>>> print(open('structure_25.txt').read())   # compact mmCIF, C-alpha atoms and all ligand atoms
# COMPACT_ATOMS: atom_id res chain seq x y z
CA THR A 4 26.63 -44.38 -7.69
CA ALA A 5 27.21 -43.39 -4.08
CA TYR A 6 28.27 -40.26 -2.28
CA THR A 7 29.74 -39.48 1.07
CA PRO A 8 27.61 -36.98 2.94
CA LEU A 9 30.48 -34.62 2.21
CA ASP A 10 30.08 -35.02 -1.56
CA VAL A 11 26.40 -34.23 -1.21
CA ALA A 12 26.93 -31.12 0.92
CA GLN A 13 29.41 -30.01 -1.66
CA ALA A 14 26.97 -30.36 -4.52
CA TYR A 15 24.48 -28.23 -2.48
CA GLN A 16 27.25 -25.75 -1.75
CA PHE A 17 27.07 -25.83 2.07
CA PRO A 18 28.97 -22.86 3.52
CA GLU A 19 32.57 -23.73 4.20
CA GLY A 20 34.50 -23.11 7.41
CA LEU A 21 31.39 -23.70 9.51
CA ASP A 22 30.75 -26.98 11.38
CA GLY A 23 27.92 -26.20 13.77
CA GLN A 24 30.15 -25.23 16.73
CA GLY A 25 28.12 -23.86 19.68
CA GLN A 26 24.92 -25.39 18.30
CA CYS A 27 22.90 -28.45 19.44
CA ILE A 28 20.98 -30.55 16.96
CA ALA A 29 18.26 -32.84 18.28
CA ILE A 30 17.41 -36.06 16.55
CA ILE A 31 14.20 -38.04 17.35
CA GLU A 32 14.34 -41.84 17.38
CA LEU A 33 11.53 -44.36 18.01
CA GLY A 34 13.47 -47.63 18.12
CA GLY A 35 16.84 -49.42 18.02
CA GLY A 36 19.91 -47.41 18.83
CA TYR A 37 23.34 -46.50 17.45
CA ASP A 38 26.50 -48.61 17.69
CA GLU A 39 29.28 -46.23 18.80
CA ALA A 40 31.92 -48.39 17.05
CA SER A 41 30.18 -47.79 13.78
CA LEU A 42 30.14 -44.06 14.19
CA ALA A 43 33.72 -44.03 15.36
CA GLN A 44 34.97 -45.84 12.26
CA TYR A 45 32.63 -43.93 9.91
CA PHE A 46 33.50 -40.45 11.05
CA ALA A 47 37.24 -41.14 11.04
CA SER A 48 37.16 -42.65 7.57
CA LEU A 49 35.67 -39.36 6.36
CA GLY A 50 38.34 -37.27 8.04
CA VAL A 51 35.73 -35.77 10.41
CA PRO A 52 36.65 -35.07 14.04
CA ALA A 53 34.49 -37.28 16.30
CA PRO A 54 31.35 -35.27 17.14
CA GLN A 55 29.84 -35.23 20.60
CA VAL A 56 26.87 -37.65 20.58
CA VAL A 57 24.60 -38.05 23.61
CA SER A 58 21.35 -39.96 24.21
CA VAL A 59 18.34 -38.84 26.20
CA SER A 60 15.76 -41.41 27.39
CA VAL A 61 12.07 -40.50 26.95
CA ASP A 62 9.17 -42.49 28.39
CA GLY A 63 11.45 -45.36 29.41
CA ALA A 64 13.06 -45.87 25.95
CA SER A 65 16.81 -45.77 25.53
CA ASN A 66 19.64 -46.12 23.07
CA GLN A 67 19.64 -49.79 22.37
CA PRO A 68 21.40 -50.95 19.20
CA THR A 69 20.47 -54.65 18.47
CA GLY A 70 23.34 -55.34 16.09
CA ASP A 71 20.99 -56.06 13.22
CA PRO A 72 21.98 -53.69 10.41
CA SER A 73 18.77 -54.44 8.63
CA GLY A 74 16.76 -53.30 11.70
CA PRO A 75 15.98 -49.85 13.26
CA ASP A 76 19.67 -49.45 13.98
CA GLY A 77 19.94 -48.52 10.33
CA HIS A 78 17.35 -45.75 10.69
CA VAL A 79 19.20 -44.40 13.72
CA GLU A 80 22.76 -44.54 12.44
CA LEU A 81 21.71 -43.01 9.11
CA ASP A 82 20.24 -39.98 10.99
CA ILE A 83 23.40 -39.50 12.97
CA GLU A 84 26.05 -40.31 10.37
CA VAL A 85 24.62 -38.00 7.81
CA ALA A 86 24.07 -35.06 10.12
CA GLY A 87 27.12 -35.66 12.30
CA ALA A 88 29.27 -35.88 9.19
CA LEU A 89 28.19 -32.38 8.17
CA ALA A 90 27.90 -30.46 11.49
CA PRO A 91 30.54 -32.33 13.60
CA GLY A 92 31.07 -29.21 15.66
CA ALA A 93 27.49 -29.45 16.83
CA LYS A 94 26.46 -31.44 19.89
CA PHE A 95 24.06 -34.22 18.93
CA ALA A 96 21.24 -35.04 21.31
CA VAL A 97 19.39 -38.19 20.31
CA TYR A 98 16.01 -38.61 22.01
CA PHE A 99 14.71 -42.22 22.19
CA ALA A 100 10.99 -42.77 22.77
CA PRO A 101 8.65 -45.76 22.56
CA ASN A 102 7.35 -46.41 19.05
CA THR A 103 4.03 -44.73 19.79
CA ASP A 104 2.66 -41.33 18.72
CA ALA A 105 2.58 -40.33 22.39
CA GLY A 106 6.34 -41.18 22.62
CA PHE A 107 7.12 -39.36 19.38
CA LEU A 108 5.21 -36.33 20.70
CA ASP A 109 6.97 -36.60 24.01
CA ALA A 110 10.42 -36.92 22.41
CA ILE A 111 9.83 -33.73 20.39
CA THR A 112 8.59 -31.71 23.31
CA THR A 113 11.50 -33.11 25.40
CA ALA A 114 13.92 -31.71 22.77
CA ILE A 115 12.21 -28.31 22.33
CA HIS A 116 11.91 -27.61 25.99
CA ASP A 117 15.36 -29.01 26.91
CA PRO A 118 16.69 -26.54 29.51
CA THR A 119 20.14 -28.11 29.42
CA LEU A 120 20.85 -29.14 25.83
CA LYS A 121 18.52 -26.50 24.24
CA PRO A 122 18.83 -27.79 20.69
CA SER A 123 18.41 -25.20 18.02
CA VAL A 124 17.41 -27.73 15.36
CA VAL A 125 15.22 -30.84 15.45
CA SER A 126 15.72 -33.55 12.80
CA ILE A 127 12.82 -35.95 12.21
CA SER A 128 12.60 -38.90 9.82
CA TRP A 129 9.69 -40.79 11.36
CA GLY A 130 5.99 -40.34 10.58
CA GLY A 131 2.95 -41.75 8.84
CA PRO A 132 0.02 -40.82 6.58
CA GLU A 133 -2.01 -37.98 8.10
CA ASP A 134 -5.13 -40.12 8.15
CA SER A 135 -3.31 -42.60 10.34
CA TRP A 136 -3.12 -39.92 13.05
CA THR A 137 -5.92 -39.01 15.37
CA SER A 138 -7.18 -35.48 15.40
CA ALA A 139 -5.97 -35.16 18.96
CA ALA A 140 -2.42 -36.31 18.29
CA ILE A 141 -2.23 -34.07 15.25
CA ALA A 142 -3.21 -31.07 17.41
CA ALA A 143 -0.70 -31.83 20.17
CA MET A 144 2.00 -32.22 17.55
CA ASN A 145 1.16 -28.95 15.94
CA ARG A 146 1.19 -27.08 19.30
CA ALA A 147 4.66 -28.50 19.74
CA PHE A 148 5.88 -27.35 16.36
CA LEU A 149 4.39 -23.91 16.99
CA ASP A 150 6.20 -23.82 20.32
CA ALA A 151 9.34 -24.72 18.40
CA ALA A 152 8.71 -21.82 16.05
CA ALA A 153 8.23 -19.56 19.12
CA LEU A 154 11.56 -20.68 20.58
CA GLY A 155 13.65 -20.17 17.42
CA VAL A 156 14.09 -23.86 16.81
CA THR A 157 14.01 -25.21 13.22
CA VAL A 158 12.09 -28.51 12.81
CA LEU A 159 12.65 -30.64 9.78
CA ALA A 160 10.95 -33.82 8.67
CA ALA A 161 11.36 -36.39 5.91
CA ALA A 162 8.32 -36.24 3.56
CA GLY A 163 8.15 -40.01 3.04
CA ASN A 164 9.64 -42.85 1.02
CA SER A 165 6.46 -44.14 -0.67
CA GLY A 166 5.39 -41.54 -3.21
CA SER A 167 2.15 -39.60 -3.51
CA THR A 168 0.18 -42.40 -1.84
CA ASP A 169 2.54 -42.64 1.12
CA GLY A 170 2.09 -46.35 1.40
CA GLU A 171 -1.69 -46.61 1.48
CA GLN A 172 -3.61 -48.69 -1.08
CA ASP A 173 -7.02 -47.29 -0.18
CA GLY A 174 -6.88 -45.77 -3.66
CA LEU A 175 -6.23 -42.18 -2.58
CA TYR A 176 -3.27 -39.80 -2.57
CA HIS A 177 -1.86 -38.92 0.84
CA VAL A 178 0.91 -36.86 2.44
CA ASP A 179 2.88 -37.85 5.56
CA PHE A 180 2.68 -36.35 9.04
CA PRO A 181 4.57 -34.57 10.63
CA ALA A 182 6.00 -33.16 7.34
CA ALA A 183 2.45 -31.94 6.46
CA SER A 184 2.66 -29.47 9.33
CA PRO A 185 3.03 -25.85 8.24
CA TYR A 186 5.60 -25.36 11.00
CA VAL A 187 7.77 -28.15 9.82
CA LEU A 188 10.25 -27.85 6.96
CA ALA A 189 9.12 -30.81 4.84
CA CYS A 190 11.97 -32.61 3.02
CA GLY A 191 11.37 -34.24 -0.38
CA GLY A 192 13.73 -36.51 -2.29
CA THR A 193 15.63 -36.29 -5.54
CA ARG A 194 17.97 -38.28 -7.76
CA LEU A 195 21.36 -36.54 -7.78
CA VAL A 196 24.16 -36.82 -10.33
CA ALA A 197 26.99 -34.49 -9.16
CA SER A 198 30.75 -34.16 -8.71
CA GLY A 199 33.30 -31.53 -7.72
CA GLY A 200 30.54 -29.34 -6.22
CA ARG A 201 28.39 -28.89 -9.28
CA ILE A 202 25.18 -30.68 -9.90
CA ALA A 203 24.98 -32.26 -13.35
CA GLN A 204 21.38 -33.32 -13.01
CA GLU A 205 18.75 -33.58 -10.30
CA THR A 206 15.36 -35.19 -10.85
CA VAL A 207 12.49 -36.53 -8.79
CA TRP A 208 13.25 -39.59 -6.69
CA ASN A 209 11.03 -42.38 -7.88
CA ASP A 210 12.26 -46.00 -8.15
CA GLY A 211 8.78 -47.51 -8.24
CA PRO A 212 6.87 -49.29 -5.51
CA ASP A 213 9.79 -51.64 -4.94
CA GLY A 214 12.43 -48.93 -4.89
CA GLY A 215 10.57 -46.21 -3.02
CA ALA A 216 9.87 -42.60 -4.05
CA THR A 217 9.55 -39.18 -2.53
CA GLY A 218 6.57 -38.20 -0.52
CA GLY A 219 4.86 -35.00 -1.71
CA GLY A 220 1.33 -33.82 -2.28
CA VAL A 221 -1.44 -31.66 -0.81
CA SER A 222 -2.40 -31.83 2.88
CA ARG A 223 -5.96 -32.77 3.51
CA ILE A 224 -5.69 -31.66 7.16
CA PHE A 225 -4.09 -28.24 6.89
CA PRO A 226 -5.25 -25.40 4.63
CA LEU A 227 -2.84 -23.74 2.21
CA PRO A 228 -0.69 -21.42 4.38
CA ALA A 229 -0.59 -17.68 3.70
CA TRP A 230 3.12 -17.81 2.85
CA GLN A 231 2.37 -20.41 0.21
CA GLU A 232 -0.32 -18.25 -1.39
CA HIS A 233 1.45 -17.81 -4.69
CA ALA A 234 3.72 -20.84 -4.99
CA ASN A 235 1.34 -22.49 -7.48
CA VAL A 236 0.29 -25.30 -5.11
CA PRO A 237 -2.54 -27.27 -6.73
CA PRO A 238 -5.59 -28.72 -5.01
CA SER A 239 -5.10 -32.36 -3.98
CA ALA A 240 -5.44 -34.83 -6.84
CA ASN A 241 -8.17 -36.41 -4.69
CA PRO A 242 -11.76 -35.82 -5.84
CA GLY A 243 -13.19 -32.74 -4.23
CA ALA A 244 -9.88 -31.18 -5.11
CA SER A 245 -9.61 -29.45 -1.74
CA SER A 246 -6.77 -26.92 -1.48
CA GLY A 247 -4.30 -27.63 1.33
CA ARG A 248 -0.68 -27.24 2.51
CA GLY A 249 1.62 -28.43 -0.27
CA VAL A 250 4.40 -30.85 0.62
CA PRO A 251 7.37 -30.63 0.54
CA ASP A 252 9.23 -27.33 1.04
CA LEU A 253 12.80 -28.36 -0.04
CA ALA A 254 14.31 -31.52 -1.42
CA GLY A 255 17.65 -33.40 -1.49
CA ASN A 256 19.27 -36.62 -2.75
CA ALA A 257 17.18 -39.57 -1.48
CA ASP A 258 17.49 -42.14 -4.30
CA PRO A 259 19.41 -45.14 -2.87
CA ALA A 260 20.58 -45.69 -6.46
CA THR A 261 22.59 -42.46 -6.04
CA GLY A 262 22.64 -43.12 -2.37
CA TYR A 263 24.62 -42.38 0.79
CA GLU A 264 27.67 -44.39 1.87
CA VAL A 265 27.35 -45.12 5.59
CA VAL A 266 28.36 -47.81 8.08
CA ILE A 267 25.48 -49.60 9.77
CA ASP A 268 26.50 -51.90 12.67
CA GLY A 269 29.97 -52.47 11.17
CA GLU A 270 28.90 -53.07 7.62
CA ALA A 271 29.69 -50.74 4.76
CA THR A 272 26.50 -49.95 2.87
CA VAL A 273 24.56 -47.48 0.74
CA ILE A 274 21.20 -46.05 1.74
CA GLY A 275 18.73 -43.42 0.66
CA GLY A 276 15.26 -42.18 1.44
CA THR A 277 13.94 -38.74 2.32
CA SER A 278 15.16 -39.94 5.79
CA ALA A 279 18.61 -38.72 4.83
CA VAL A 280 17.47 -35.25 3.71
CA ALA A 281 16.14 -33.93 7.05
CA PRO A 282 19.47 -34.64 8.80
CA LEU A 283 21.33 -33.30 5.72
CA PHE A 284 19.49 -29.96 5.92
CA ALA A 285 19.54 -30.04 9.68
CA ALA A 286 23.31 -29.78 9.36
CA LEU A 287 22.96 -26.89 6.83
CA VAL A 288 20.78 -24.95 9.32
CA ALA A 289 23.26 -25.61 12.16
CA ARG A 290 26.14 -24.26 10.08
CA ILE A 291 24.06 -21.24 9.20
CA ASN A 292 23.14 -20.69 12.85
CA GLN A 293 26.83 -20.62 13.83
CA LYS A 294 27.56 -18.01 11.21
CA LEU A 295 24.64 -15.98 12.34
CA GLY A 296 25.52 -16.23 16.02
CA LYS A 297 21.83 -17.07 16.77
CA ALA A 298 19.23 -19.75 15.85
CA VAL A 299 17.36 -18.93 12.56
CA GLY A 300 14.31 -20.86 13.67
CA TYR A 301 11.22 -21.36 11.53
CA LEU A 302 12.19 -20.86 7.92
CA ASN A 303 9.11 -21.74 5.87
CA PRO A 304 7.80 -18.20 5.28
CA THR A 305 11.31 -16.93 4.55
CA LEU A 306 12.02 -19.67 2.04
CA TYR A 307 9.00 -18.88 -0.14
CA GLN A 308 9.98 -15.27 -0.60
CA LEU A 309 13.70 -15.89 -1.36
CA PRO A 310 14.77 -15.27 -4.95
CA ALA A 311 14.54 -18.28 -7.20
CA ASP A 312 18.32 -18.42 -7.67
CA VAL A 313 18.73 -19.47 -4.04
CA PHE A 314 17.55 -22.91 -5.16
CA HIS A 315 18.33 -25.57 -7.74
CA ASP A 316 14.87 -26.01 -9.29
CA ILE A 317 13.90 -29.61 -9.98
CA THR A 318 11.65 -29.88 -13.02
CA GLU A 319 11.63 -33.47 -14.15
CA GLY A 320 9.88 -36.58 -12.89
CA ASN A 321 6.89 -37.49 -10.75
CA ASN A 322 6.34 -39.29 -7.41
CA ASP A 323 3.54 -41.67 -8.38
CA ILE A 324 4.35 -45.29 -7.56
CA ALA A 325 0.75 -46.50 -7.57
CA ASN A 326 -0.47 -45.62 -11.12
CA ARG A 327 0.63 -44.13 -14.43
CA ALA A 328 -1.24 -40.89 -13.91
CA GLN A 329 2.05 -39.20 -12.84
CA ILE A 330 0.37 -37.75 -9.76
CA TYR A 331 2.38 -35.60 -8.73
CA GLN A 332 4.86 -34.23 -11.29
CA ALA A 333 7.80 -31.83 -11.12
CA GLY A 334 8.06 -28.51 -13.01
CA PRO A 335 9.21 -24.90 -12.91
CA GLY A 336 9.08 -23.49 -9.39
CA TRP A 337 7.41 -25.13 -6.46
CA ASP A 338 6.04 -28.61 -7.15
CA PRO A 339 4.49 -31.34 -4.98
CA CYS A 340 7.56 -33.57 -5.50
CA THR A 341 10.49 -31.33 -4.61
CA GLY A 342 8.92 -28.14 -3.34
CA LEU A 343 11.12 -25.12 -3.84
CA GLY A 344 13.93 -27.49 -4.96
CA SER A 345 17.37 -28.09 -3.45
CA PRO A 346 18.85 -25.19 -1.49
CA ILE A 347 22.13 -23.59 -2.49
CA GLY A 348 23.76 -23.36 0.91
CA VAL A 349 25.98 -20.32 0.52
CA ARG A 350 23.21 -18.32 -1.11
CA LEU A 351 20.67 -19.17 1.61
CA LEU A 352 23.18 -18.08 4.20
CA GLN A 353 23.87 -14.82 2.37
CA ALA A 354 20.16 -14.02 2.25
CA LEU A 355 19.86 -14.69 5.92
CA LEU A 356 22.68 -12.41 6.76
CA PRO A 357 22.14 -8.81 7.83
CA CA B 1 10.33 -27.50 -9.40
>>> encode(input="structure_25.txt", output="structure tokens", more="lines below")
Ligand SMILES: [Ca+2]
Amino acid sequence: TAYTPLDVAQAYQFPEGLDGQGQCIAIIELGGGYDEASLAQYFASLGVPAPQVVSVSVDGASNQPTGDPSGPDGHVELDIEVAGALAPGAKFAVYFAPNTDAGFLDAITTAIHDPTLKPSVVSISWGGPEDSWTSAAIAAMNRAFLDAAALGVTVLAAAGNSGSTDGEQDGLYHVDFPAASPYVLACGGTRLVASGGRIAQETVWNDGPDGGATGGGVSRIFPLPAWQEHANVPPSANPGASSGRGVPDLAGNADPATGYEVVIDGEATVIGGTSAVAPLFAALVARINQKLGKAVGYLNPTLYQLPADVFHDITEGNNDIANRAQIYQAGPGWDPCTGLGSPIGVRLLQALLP
């Protein structure tokens, strides 16, 4: 099982007749580059008019594809193919920074403050466990995301591809940063079975430690936000059971087993990860911005007050890949695997309309 990005947007009922025109989506990259030949062939094969793609160098880094499809080129082309396939009217600005937290910070503030490209959306699918970040870098990052919220820019981040432990074996549960930020729309991952625009079934992405699984959990750094106050977020499963910001907010297809068809450095292939969901929803927000005639910005508070039928609730599975305790599990409403669920594009747009 494999989908084009178009088949996925169809299952999530993205609003038709909108392609992101007049909008600029920013995409953060910390390594590799994209092969233009790949994009050219991919977009055409999908029937999509070649989108404008430009690179911006940050802290001396630049677009540098190595040709190795199994390298960071794959991260980069996945970001672009998936989003560019779904908002091809939008201008894509890809910011390349050194693979450091200072570079990542700098690429994000470069994007937000861009006086020329002024992106209205920032797509992020890089990060790490919050404990791997220093308190100072965490604080700089969060000022940035707040700034973003003040400028009407939406910021979206993949919640992780390693389950509730996010890759650590220090025997604790952890969420990823920057999705853990309250000012970031955290994107979880599901397993999607769909066709002709109707989802047949959608469960938690979890293919074990070998296969990867959706990030999700309870932030140990940030306290439960006011707008999450009655979303049924639990305390972390970690002893002490501190309450904290629940991750994620929304979720989309991320299971490589029901994966995305893309072309990485010439080779046809199928990928997944929550890495595909931020750019997928980045394109949804850009289409919605076009319709609105202005950037929607920071959506987290809005999302949590929308009626339930704006989402496809995910209620089965868990995102534990380290033990059999099923920490965390899906269920009715918000859960620490899939958050509010998958959005139903046309209904989110209708709620956002005057
Ligand atoms: Ca749910």
>>> atom_distance(input="structure_25.txt", atom1="CA of residue 275 (chain A)", atom2="CA of residue 263 (chain A)")
6.0 Å
>>> closest_residue(input="structure_25.txt", among="A:193, A:138, A:241, A:308", to="ligand CA 1 (chain B)", atoms="all atoms listed in the file")
A:193
>>> closest_atom_pairs(input="structure_25.txt", of="chain A", to="ligand CA 1 (chain B)", cutoff="12 Å", atoms="only C-alpha atoms and all ligand atoms", output="tab-separated table")
residue	atom	partner	partner_atom	distance
A:191	CA	B:CA1	CA	11.3
A:192	CA	B:CA1	CA	12.0
A:193	CA	B:CA1	CA	11.0
A:205	CA	B:CA1	CA	10.4
A:206	CA	B:CA1	CA	9.3
A:207	CA	B:CA1	CA	9.3
A:234	CA	B:CA1	CA	10.4
A:235	CA	B:CA1	CA	10.5
A:236	CA	B:CA1	CA	11.1
A:251	CA	B:CA1	CA	10.8
A:252	CA	B:CA1	CA	10.5
A:253	CA	B:CA1	CA	9.7
A:254	CA	B:CA1	CA	9.8
A:311	CA	B:CA1	CA	10.4
A:314	CA	B:CA1	CA	9.5
A:315	CA	B:CA1	CA	8.4
A:316	CA	B:CA1	CA	4.8
A:317	CA	B:CA1	CA	4.2
A:318	CA	B:CA1	CA	4.5
A:319	CA	B:CA1	CA	7.7
A:320	CA	B:CA1	CA	9.7
A:321	CA	B:CA1	CA	10.7
A:331	CA	B:CA1	CA	11.4
A:332	CA	B:CA1	CA	8.9
A:333	CA	B:CA1	CA	5.3
A:334	CA	B:CA1	CA	4.4
A:335	CA	B:CA1	CA	4.5
A:336	CA	B:CA1	CA	4.2
A:337	CA	B:CA1	CA	4.8
A:338	CA	B:CA1	CA	5.0
A:339	CA	B:CA1	CA	8.3
A:340	CA	B:CA1	CA	7.7
A:341	CA	B:CA1	CA	6.1
A:342	CA	B:CA1	CA	6.3
A:343	CA	B:CA1	CA	6.1
A:344	CA	B:CA1	CA	5.7
A:345	CA	B:CA1	CA	9.2
A:346	CA	B:CA1	CA	11.9
>>> closest_residue(input="structure_25.txt", among="A:195, A:265, A:347, A:142", to="residue 47 (chain A)", atoms="all atoms listed in the file")
A:265
>>> closest_atom_pairs(input="structure_25.txt", of="region 217-323 of chain A", to="region 32-39 of chain A", cutoff="9 Å", atoms="only C-alpha atoms", output="CSV")
residue,atom,partner,partner_atom,distance
A:267,CA,A:38,CA,8.0
A:268,CA,A:38,CA,6.0
A:269,CA,A:38,CA,8.3
>>> atom_distance(input="structure_25.txt", atom1="CA of residue 105 (chain A)", atom2="CA of residue 174 (chain A)")
28.2 Å
>>> residues_around(input="structure_25.txt", residues="region 196-202 of chain A", least_positions_apart="2", cutoff="8 Å", atoms="only C-alpha atoms", output="number ranges by chain")
A: 10-11, 13-16, 194, 204-205, 261
>>> atom_distance(input="structure_25.txt", atom1="CA of residue 300 (chain A)", atom2="CA of residue 157 (chain A)")
4.4 Å
>>> decode(input="structure_25.txt", residues="region 225-250 of chain A", atoms="N, CA and C atoms", output="short mmCIF file (atom, residue, chain, number, x, y, z; two decimals), in the first residue's frame")
data_model
loop_
_atom_site.label_atom_id
_atom_site.label_comp_id
_atom_site.auth_asym_id
_atom_site.auth_seq_id
_atom_site.Cartn_x
_atom_site.Cartn_y
_atom_site.Cartn_z
N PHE A 225 6.99 21.90 29.31
CA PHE A 225 5.93 22.90 29.29
C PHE A 225 4.68 22.45 30.02
N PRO A 226 4.06 23.34 30.79
CA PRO A 226 2.86 22.94 31.53
C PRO A 226 1.68 22.91 30.57
N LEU A 227 0.69 22.10 30.94
CA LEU A 227 -0.55 21.96 30.17
C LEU A 227 -1.08 23.34 29.80
N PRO A 228 -1.22 23.67 28.51
CA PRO A 228 -1.73 24.99 28.14
C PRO A 228 -3.21 25.16 28.50
N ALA A 229 -3.59 26.43 28.69
CA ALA A 229 -4.97 26.78 29.02
C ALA A 229 -5.95 26.20 28.00
N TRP A 230 -5.64 26.36 26.71
CA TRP A 230 -6.53 25.85 25.67
C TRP A 230 -6.55 24.33 25.65
N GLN A 231 -5.71 23.66 26.44
CA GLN A 231 -5.86 22.20 26.43
C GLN A 231 -6.59 21.76 27.69
N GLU A 232 -6.99 22.72 28.51
CA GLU A 232 -7.56 22.41 29.82
C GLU A 232 -8.70 21.42 29.82
N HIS A 233 -9.34 21.07 28.70
CA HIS A 233 -10.34 20.02 29.01
C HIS A 233 -10.45 19.03 27.85
N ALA A 234 -9.29 18.71 27.31
CA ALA A 234 -8.95 17.80 26.26
C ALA A 234 -8.58 16.43 26.83
N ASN A 235 -8.70 16.26 28.15
CA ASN A 235 -8.40 14.94 28.73
C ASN A 235 -6.95 14.51 28.54
N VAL A 236 -6.01 15.45 28.61
CA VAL A 236 -4.58 15.10 28.56
C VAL A 236 -4.16 14.47 29.88
N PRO A 237 -3.49 13.34 29.89
CA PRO A 237 -3.13 12.76 31.19
C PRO A 237 -1.85 13.35 31.71
N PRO A 238 -1.42 12.94 32.90
CA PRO A 238 -0.08 13.35 33.36
C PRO A 238 0.91 12.47 32.60
N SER A 239 2.19 12.80 32.56
CA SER A 239 3.09 11.88 31.86
C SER A 239 3.05 10.49 32.48
N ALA A 240 3.41 9.47 31.72
CA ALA A 240 3.41 8.13 32.30
C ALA A 240 4.63 7.93 33.20
N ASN A 241 5.49 8.94 33.25
CA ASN A 241 6.70 8.96 34.04
C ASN A 241 6.34 9.25 35.50
N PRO A 242 6.93 8.46 36.39
CA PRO A 242 6.73 8.60 37.83
C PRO A 242 6.79 10.05 38.27
N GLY A 243 5.82 10.43 39.10
CA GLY A 243 5.79 11.84 39.50
C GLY A 243 4.57 12.44 38.79
N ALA A 244 4.19 11.69 37.77
CA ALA A 244 3.06 11.95 36.90
C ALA A 244 2.80 13.45 36.75
N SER A 245 3.83 14.23 36.42
CA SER A 245 3.61 15.66 36.24
C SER A 245 2.66 15.94 35.08
N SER A 246 1.81 16.95 35.21
CA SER A 246 0.96 17.28 34.05
C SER A 246 1.84 18.08 33.09
N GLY A 247 1.50 18.14 31.82
CA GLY A 247 2.34 18.93 30.90
C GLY A 247 1.62 19.02 29.56
N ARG A 248 2.14 19.78 28.63
CA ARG A 248 1.58 19.92 27.29
C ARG A 248 1.50 18.57 26.61
N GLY A 249 0.29 18.17 26.21
CA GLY A 249 0.15 16.89 25.49
C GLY A 249 0.49 17.07 24.01
N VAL A 250 1.18 16.07 23.50
CA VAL A 250 1.61 15.96 22.11
C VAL A 250 0.99 14.73 21.47
#
